[PDB]
Amino acid sequence: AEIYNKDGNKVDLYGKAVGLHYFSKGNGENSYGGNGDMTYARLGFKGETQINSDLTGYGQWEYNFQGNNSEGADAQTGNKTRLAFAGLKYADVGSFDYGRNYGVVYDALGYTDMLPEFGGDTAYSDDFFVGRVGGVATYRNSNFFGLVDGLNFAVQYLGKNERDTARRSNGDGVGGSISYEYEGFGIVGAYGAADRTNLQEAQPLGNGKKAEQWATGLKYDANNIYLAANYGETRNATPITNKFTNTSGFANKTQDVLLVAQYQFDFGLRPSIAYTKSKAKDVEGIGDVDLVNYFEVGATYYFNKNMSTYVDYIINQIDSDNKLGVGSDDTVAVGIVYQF
Amino acid sequence: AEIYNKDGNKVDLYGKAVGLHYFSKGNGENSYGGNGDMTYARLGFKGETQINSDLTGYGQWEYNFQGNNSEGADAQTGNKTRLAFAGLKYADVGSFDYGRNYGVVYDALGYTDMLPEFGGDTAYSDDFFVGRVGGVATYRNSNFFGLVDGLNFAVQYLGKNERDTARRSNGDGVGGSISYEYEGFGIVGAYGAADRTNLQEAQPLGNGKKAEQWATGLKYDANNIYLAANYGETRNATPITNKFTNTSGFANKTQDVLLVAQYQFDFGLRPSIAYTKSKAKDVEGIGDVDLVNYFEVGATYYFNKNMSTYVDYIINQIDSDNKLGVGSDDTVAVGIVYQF
Amino acid sequence: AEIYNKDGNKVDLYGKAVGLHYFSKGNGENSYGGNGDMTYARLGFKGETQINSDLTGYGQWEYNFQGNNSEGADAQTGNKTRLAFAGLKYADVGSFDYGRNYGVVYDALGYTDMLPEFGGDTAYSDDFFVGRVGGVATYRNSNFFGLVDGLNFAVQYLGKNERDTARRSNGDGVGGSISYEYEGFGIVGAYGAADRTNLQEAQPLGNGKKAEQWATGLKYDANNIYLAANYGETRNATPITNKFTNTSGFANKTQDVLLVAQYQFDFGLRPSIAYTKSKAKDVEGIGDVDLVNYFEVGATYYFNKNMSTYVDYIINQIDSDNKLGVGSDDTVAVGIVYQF
């Protein structure tokens, strides 16, 4: 909701309150999504100022407040800043911003990241180029300088981030994306590679000095119809855990397939059908193991642009024999979301 | 302060800056409320959208930022999300919301929760039904479906919350409240019971598999006069600590009495008189021990609807011989509050 | 940006998104400011209500969200409440507020606290009177009761804060400031003394029972010209660390000199020249050691009141022979800031 707009500068203060609950058998420790209260809220602001006819300055910040914690010691569990950056758009030259933003390879994965609750399984956070990462400089260009309609590209530099964890770290890397959209249709290609930190190489799982992520997307968006499919692979980038030996690291190689089919009825119902399978290859010792595998049936009902509720149901195609210990149970999510 | 209102959707962004200080002798470790800076701030939003003539969608989030911490390691001590839920009101059918919200039994305790600073002693957080808890589904009904004026009831389901602490945990339980208000007068009854988690039963203090909380309230509200009294009891629900043996758990049985008398002068002074006594029964070993006991004299002065200051003074009726080690000293609170 | 203004009460919701990066050689552990992503955001609110013709109530809260953390365990590193207080202004009597606010001695140091990124080195947080501290009652007076133009003073009481750290603690103390400004010119004097806590005296570095901080400032502000100089000293107040023996405490005595020269060009460039030197005296064992010493060359470019970027470059005058281990390398900062 735009709360301010004077002197060529408008500030949009958005957010939302999401009452959420997960339903799975047992404690939910062996299920796909877990079990129990998952309530949370959002807050943030999109700022945009017109420096002049061609020049636009902008900034954004988005935080995540968990609502399923107590007010005691664990009050903080789950809270974090999701986005935080600032930049400039210029005429038909393109735009540039820096801070914590999405990785270029998400330009592709975004296509199937549409499910009511789950989905977008291969878009991990702080995982190089496939999700939200810190310290990325992103240049983007629309309509190839205004010369070609529907043709966009983007180049991105990922600063070295040597954190405490192997999972949340990353060396220096570059990446890019070319996407063309023409009348309901869109095709996207994204790729990126980066140095792995010492702590990352020192891990038992995963072998190499270089991380790679590429994904291509194809979608038809129009007429209340949303059809999208994603295919991508990774080298020493997807984080995995062997729950049996308590080993941590990265999967030498992964192949990812996301499929989504949704329809928006006029009275406000939007049923969703999705399939996701992410298999890892050459997992030292295990060999080939499925990390994610399921069919998704769900629907979101929009009372309007502010209110809505949804049921998201994951039919877990992982079996109890999973070599890494990936949960094999189903998970149903029920949500009731207000937002401004 | 309502910062937005367009298209049947209004967003209220509220909050406040409370400069606060506690005065007690010694460290304040043996006093009622402690001693030293207690400054803090609030932020939150009430969102409400009219889906149509009968249907209203709403959401809310409320956070607590402590201001008495340094900017070092302890920056986070005390911060937490207080509220976070979303729901729907429908015609004369009633309303329903889910998330972190107040427990039904607070419908009663709310009556005496009026003091300038302290009071509301038996409305603990994350304590089943008597305070703010996570993962509660609440159905409420006004004027018995619009058929009877001033007659409201509410049923509430409390989801299982197995946290790290015994104090902040809780099993599954149901609860409700019937309140009738007729012309300055109000009578309320609330009750709820829930399963105790294993960690809770594994505690040294408290014995049982079931937790119970009920409280009834009676109030006269009108003519600048506020008179209210609450009486309630609990089974294995009120959290207690034996400061001597460092034992923790719950009081098998408690009896609670809250009394409040306030008057609102026209020039903006509102003197407050209150009495609170909460005694525990059958405390394994100790027997009968007072958890809370004091007389309260205080006054809030409202410069207007945005500004105000207050002095709250607790005359602690607990003696130095308390078997559990409950502080026995007095505490005076001085506050200066801005809010929007 | 003022988002609300009705009934004599206006609420200003401000904030900013700062994409930031530090450039220094090596792991940035031996440099002046460090090395790597330094992105962060701000949020806060200034509230002001007119109780009447002479009376104004106000409140403020300002938080700091770091953007260079991951969304994992370290999500919280760096976040904190910077400001949180409320108060009243009255006619020509003066103003009074309480909470977490700036220390009086900052009234002086503020003069040179102007650099694009760094600078203001001797204005530490939670360090008695020279920076933001918790539990301070501040009385301020403008134009000596409206009797003398440009003559302001302020008296401040600092409540005892016995935290976990020696660095973040402080006993009871008083302080004040007299500043006179007449047509482009300003002269300021500030002083304060406070009791040191036991934990503070129990430290290896620093000796005494009393902490003292005084600083005087002289500035010319007008005509796009900003010239300012600060000189101050301290007794057992400036926190120092011996990186060799891993000793912590306070410098018995320090002498501080800040010099800043800036010019605001009309097209939006503001070049900045600054010199800072803070030397400690009588450091048990070491003797005289420089804590801070550098020349600063930088410039901020303002696209307008909302957008801007800057390069801040510190030419570190500390040498590799520093007896305390103070970083000796240079640091360049590049920033792109949106704000509302």
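Turning our attention to the overall build of chain A. Each helix and strand in chain A was counted, giving three helices and 20 strands. Over its C-alpha trace chain A gives a radius of gyration of 21 Å, about what one expects of a compact globule, namely 20 Å for 340 residues. Seen through its principal axes, chain A has C-alpha atoms that stretch 60 × 50 × 45 Å. Relative to its 340 residues, chain A shows a buried fraction of 59%. For chain A, the share of sequence-separated contacts (at least 6 apart) that also reach a separation of at least 24 residues comes to 55%. For chain A, the computed accessible surface area is about 13600 Å², with 52% contributed by carbon and sulfur atoms. Placing the 29 positive and 41 negative side-chain charges of chain A at their respective mean positions leaves the two points 2 Å apart.

Size of an interface: often given as the accessible area lost when the parts come together. On the side of chain A, 35 residues touch chain B, which itself brings 43 residues to the contact. On the chain B side of the contact with chain A, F45, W61 and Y98 of chain B bury the most area, a combined 19% of that side's loss. Counting the contacts that link chain B with chain A gives four salt bridges. Linking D7 of chain B and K305 of chain A is a salt bridge whose minimum nitrogen-to-oxygen distance equals 3.0 Å. Summed over the shared surface of chain B and chain A, the result is 15 residue pairs in polar contact. For the side of chain B that touches chain A, the leading source of residues is strand β6 (residues 80-90) of chain B, giving eight residues. Among the residues forming the side of chain B that touches chain A, the class breakdown is 17 nonpolar, 16 polar and ten charged.

What follows covers the environment of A280 of chain C. All names here are of chain C. Among the structural elements, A280 can be located in strand β17 (residues 269-283). Taking the relative accessible area as the measure of exposure, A280 reaches 0% and is therefore buried. Distance in space between the C-alpha atoms of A280 and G325 is 13 Å, their sequence separation being 45 residues. Once residues within four sequence positions are removed from consideration, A280 is found in contact with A251, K253, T254, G287, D288, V289 and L291.

Listed as interface residues are 42 residues of chain C and, on the opposing side, 34 residues of chain B. Carbon and sulfur atoms make up 64% of the area that chain C and chain B hide from each other, which totals about 2900 Å². Looking only at chain C, the three residues that lose the most surface to chain B are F45, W61 and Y98 of chain C, adding up to 19% of its buried area. Counting the contacts that link chain C with chain B gives four salt bridges. Across the pair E71 of chain B and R100 of chain C runs a salt bridge, and its minimum N-O distance is 2.7 Å. Across the contact surface, chain C and chain B share 14 residue pairs in polar contact. Among the elements that line the side of chain C that touches chain B, the one with the most residues is strand β6 (residues 80-90) of chain C, at eight residues. Grouping the amino acids of the side of chain C that touches chain B by side-chain chemistry returns 16 nonpolar, 16 polar and ten charged.

Membership of the largest hydrophobic core comes to 65 residues, with the highest contact counts inside it found for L13 and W61 of chain A, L13 and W61 of chain B together with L13 and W61 of chain C. If near-sequence neighbours (up to four positions away) are discounted, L13 of chain A is found in contact with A1, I3, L43, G44, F45 and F340 of chain A, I3 and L13 of chain B together with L13 of chain C.

The subject of this paragraph is unusual backbone geometry. Residues and elements named next belong to chain C. Look at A91: it is not a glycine, yet its phi comes out positive at around 40°. Among the secondary structure elements, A91 is positioned in the loop between β6 and β7 (94-102). At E183, a position not held by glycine, the phi torsion is positive, near 60°. Along the chain, the position of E183 falls in the loop between β10 (173-182) and β11 (185-195).

Okay, the relation of the copies chain B and chain A next. Rotating chain B by 120° and moving it 0.1 Å along the rotation axis overlays it on chain A with an RMSD of 0.0 Å. Expressed as an axis order, the relation between the two copies is that of a three-fold axis. Minimal C-alpha separation from the rotation axis in chain B is found for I3 of chain B, amounting to 3.7 Å. A low fraction, 12%, of the interface residues of chain B reappear at the interface in chain A, so the copies pair through non-equivalent surfaces.

Counted under the stated rule, the structure contains 60 aromatic pairs over all chains. Ring centres of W61 of chain A and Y63 of chain A lie 6.0 Å apart, and the angle between their planes is 35°; this geometry places the pair in the tilted category. Considered together, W61 of chain A and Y63 of chain A belong to a single accessibility category, that of buried residues. Residues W61 of chain A and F65 of chain C carry aromatic rings whose centres are separated by 4.5 Å and whose planes lie at 40° to one another, so their mutual orientation is tilted. Of this pair, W61 of chain A sits in strand β5 (residues 55-66) while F65 of chain C is found in strand β5 (residues 55-66), placing the two residues in two different chains. The buried category is assigned to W61 of chain A, whose relative accessible area is 1%.

It takes a turn of 120° to lay chain C on chain B, together with a shift of 0.0 Å along the axis; the resulting RMSD is 0.0 Å. When the interface residues of chain C are mapped onto chain B, a mere 12% of them again fall at the interface, so the copies present different faces.

Residue and element names in this part refer to chain C. Looking at chain direction, strand β12 (residues 210-222) and strand β13 (residues 225-235) are connected through eleven bridges and run antiparallel. Across the sheet, residue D221 finds its bridge partner in β13, namely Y226. With antiparallel pairing between neighbouring strands as the criterion, β12 and β13 make up a hairpin whose turn holds two residues, including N223 at a positive phi of roughly 75°.

A few words on the pairing of strand β8 (residues 132-141) of chain C. Moving residue by residue along a regular strand, the side chains alternate between the two faces of the sheet. All names here are of chain C. Of all ten residues making up β8, eight are buried, and the element is well covered by its neighbours. Note that β7 and β8 share seven bridges and pair antiparallel. By the bridge assignment, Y102 is partnered in β8 with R132. Where β8 and strand β9 (residues 151-158) come together, six bridges link them in antiparallel fashion. Note that in β9 the partner of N141 across the bridge is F153.

Okay, the environment of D97 of chain B next. Residue and element names in this part refer to chain B. Within the secondary structure, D97 sits in strand β7 (residues 94-102). Taking C-alpha positions, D97 is 3.8 Å from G87, a pair spaced ten residues apart along the chain. Not counting chain neighbours up to four residues away, the residues in contact with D97 comprise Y58, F85, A86, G87, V136, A137 and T138. At a separation of 2.9 Å, a polar atom in the side chain of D97 contacts the side chain of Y58.

What follows is about a nonpolar patch on the surface. Residues and elements named next belong to chain A. There is a patch of nonpolar side chains on the surface, built from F144, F145, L147, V148, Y180, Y182, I187 and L218 and spanning about 780 Å² of accessible area. Listing elements by their share of the nonpolar patch, those giving two or more residues are α2 (143-146) and β10 (173-182). By the secondary structure assignment, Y180 is in strand β10. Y180 sits in the partly exposed class, given a relative accessible area of 34%.

This brings us to the environment of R270 of chain C. Residues and elements named next belong to chain C. Summarising the element assignment, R270 is placed in strand β17. For the pair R270 and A299, spaced 29 residues apart in sequence, the C-alpha to C-alpha distance is 5.4 Å. Dropping the residues within four chain positions of it, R270 is found in contact with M114, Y226, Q262, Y263, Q264, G298, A299, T300 and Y302. A distance of 2.3 Å separates a polar atom in the side chain of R270 from a polar atom in the side chain of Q262. A distance of 3.0 Å separates polar atoms of two side chains, one belonging to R270 and the other to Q264.

Let us look at the side chain of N236 of chain C. Residue and element names in this part refer to chain C. Considering the arrangement of structural elements, one finds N236 in the loop between β13 and β14 (239-242). Polar side-chain contacts of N236 include one of 3.1 Å to the backbone oxygen of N207. Setting aside anything within four residues of it in sequence, one finds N236 in contact with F128, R196, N207, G208, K210, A211, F250, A251 and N252.

A few words now on the pattern of salt bridges. Per the counting criterion, the structure on display carries 57 salt bridges over all chains. Its salt-bridge partner being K160 of chain A, residue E162 of chain A comes within 3.1 Å of it at the nearest N-O pair. Between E48 of chain B and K89 of chain B there is a salt bridge whose closest N-O contact spans 3.7 Å. One end of the pair, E48 of chain B, is in strand β4 (residues 40-50); the other, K89 of chain B, is in strand β6, with 41 residues separating them in the sequence. A relative accessible area of 25% places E48 of chain B in the partly exposed class. On the accessibility criterion, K89 of chain B (34% relative accessible area) is partly exposed.

Cut-offs and rules
- Residues numbered from 1 in each chain as written, not as in the entry; some residues may be left out.
- Chains lettered and ligands numbered in written order.
- Heavy atoms only, no water.
- Helix = DSSP H or I, 4+ residues; strand = E, 2+ residues; numbered from the N terminus.
- Rg over C-alpha atoms; globule rule 2.2 N^0.38 Å.
- Buried < 20%, exposed > 50% of the residue type's maximum accessible area, 1.4 Å probe, protein only.
- Contact = heavy atoms within 4.5 Å.
- Areas by Shrake-Rupley, 256 points an atom, 1.4 Å probe, with all protein chains shown as cover.
- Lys, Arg positive; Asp, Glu negative; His and termini not counted.
- Charge placed at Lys NZ, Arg CZ, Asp CG, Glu CD.
- Buried area = accessible area lost by both parts, 1.4 Å probe.
- Salt bridge = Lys/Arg side-chain N within 4 Å of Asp/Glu carboxyl O.
- Polar contact = N/O pair within 3.5 Å; in protein donor to acceptor, adjacent residues only side chain to side chain.
- Nonpolar A, V, L, I, M, F, W, Y, C, P; charged D, E, K, R; others polar.
- Core = buried A, V, L, I, M, F, W, Y, C linked by side-chain atoms within 4.5 Å.
- Least-squares fit on C-alpha atoms.
- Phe/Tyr/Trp six-rings, centres within 6.5 Å; stacked < 30°, edge-to-face > 60°.
- Pairing = 2+ DSSP bridges.
- Patch = residues over 30% accessible without salt bridge, like charges linked within 9 Å, V, L, I, M, F, W, Y side chains within 5 Å.

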